[PDB]
Structures are given as C-alpha cells and as structure tokens.
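Given next, in structure tokens, is a single chain: the form deposited in one PDB entry.
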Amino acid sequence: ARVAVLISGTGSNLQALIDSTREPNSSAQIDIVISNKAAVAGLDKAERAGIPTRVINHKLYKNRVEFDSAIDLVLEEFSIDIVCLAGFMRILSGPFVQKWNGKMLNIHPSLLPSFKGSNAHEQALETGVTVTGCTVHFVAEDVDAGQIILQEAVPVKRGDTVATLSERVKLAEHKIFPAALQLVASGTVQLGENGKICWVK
C-alpha cells in the first residue's frame, strides 16, 4: 500500500512511520510527505529519509475545498492508497473526506471520545484525569469522530504540564500509529460496509 503522510510541524510521528515502513515485513511504503507549513522540521526528516515533499499553503487558495483539491492532486500524482495525518493541524472538507473514506488515518493525543479538538492535553489537564492516552482512527467528516482503530492509555503524573504530558503520550503515539497503519495496509482492518471497524482476519 502506497502511503502519503501529511504534517504541520515537528514530525516525530512521521519519523516513527518512516522507521516502521522500512521493516522487511511492512505492508506500507511512504511515497510522499505533504506539509501545510513551510520550513518545519518534519520536512527535514522526510528529505533526510529520501522521501519527496510538497508544501501547500492556505494563502494561495480561496476556500477549504480548493486547498484539499491541491492535496488530492498530489495524492493522485503519487498513486496513493492510504493517507496518514501525522500532526496535520487542519480540518479537511466533506468531499475530500468522503473520497478517502476508509483510506485515511489520524493520530489524536487523547482517548477519544474524550477531549476532541486541537488542544487535547490542555483539556485533559484542566479536567484532571489521571489516565489519558492517544487514538488512531479513520477520518470521518465530523472531527475526531471516525471509527477507532487502536488506542493506548498513558498515565497523567501530578504536576504534569502540556510539555511533560505530550512527551509521554508521544511515546505511545509512535507505537500505535505504525501498528494501525500496518493493520490497514495489510488489509487486516477495514472500515466495513456498516461503517464500524471490521477485522477481516
């Protein structure tokens, strides 16, 4: 399965995916990395790994649909099968989501359905949970509401900040995102007719 990874910053999840997809038994290969932000460290990581990169800024497009179409063009160019959102901090439009239904994965740093949105760690700390975690899910039109593939719980320590908590949760992210990509790319897991997750094996 040919994979595109979309990023907006540091790219630690990208690096974990690059590492995993180069294992001999990997069913996925990363053929393109796309960023909406220029000069971010995730681009350096891709380049260093010998993977092509494309930057697409919102300032060159009228609306969200034309922005996504520019993404889609590149996806089609590289004959992509699966899209991974790895620190990609943009909402995707309906038709784009619909086109890639069952083919697009996102990593989110909470145990969904808790703490949806762009500041999950802030929410978890504000709420005072002692257990948080991360979630890989299929992307549906409603944000962070798509079908869940894998999750991993991560403890919150007293005195945790966004800095220390996100560091701990990222170690879990780097485990389940490669595991989830491998499940989907090997055809072991799929979105299924009724919409709910289907373990084909």
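Here the rigid core means the biggest group of C-alpha atoms that line up within 1.5 Å when the two forms are laid on top of each other. In case it trips you up, residue 1 is the first one in the sequence shown, and so on.
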{"property": "Mean C-alpha temperature factor, higher of 190-198 and 2-10", "result": "190-198"}
{"property": "Entry-level comparison of average CA B-factors, 86-94 and 67-75, reporting the higher stretch", "result": "67-75"}
{"property": "Member of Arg158, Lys175, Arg54, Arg168 with the greatest C-alpha B factor (per the PDB record)", "result": "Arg54"}
{"property": "Top residue by Cα temperature factor, when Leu60, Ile149, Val154, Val162 are compared in the entry", "result": "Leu60"}
{"property": "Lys116 CA temperature factor, ranked by third within the chain", "result": "middle"}
{"property": "Within-chain third of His108 by Cα B-factor, per the entry", "result": "lowest"}
{"property": "B-factor third for the C-alpha atom of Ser27 within its chain", "result": "middle"}
{"property": "Chain thirds of CA B-factor: placement of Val139", "result": "middle"}
{"property": "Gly50 by Cα B-factor - lowest, middle or highest third of the modelled chain", "result": "highest"}
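Heads up, the form deposited in another entry isn't pictured, but that's what we're talking about next.
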{"property": "From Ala28, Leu165, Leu43, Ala70, residue displaced between this form and the one not shown - CA threshold 2 Å or more, rigid core", "result": "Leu165"}
{"property": "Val156 C-alpha shift between this form and the one not shown of 2 Å or more, rigid core reference", "result": "yes"}
{"property": "Core superposition between this form and the one not shown, C-alpha change of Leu125 at least 2 Å", "result": "yes"}
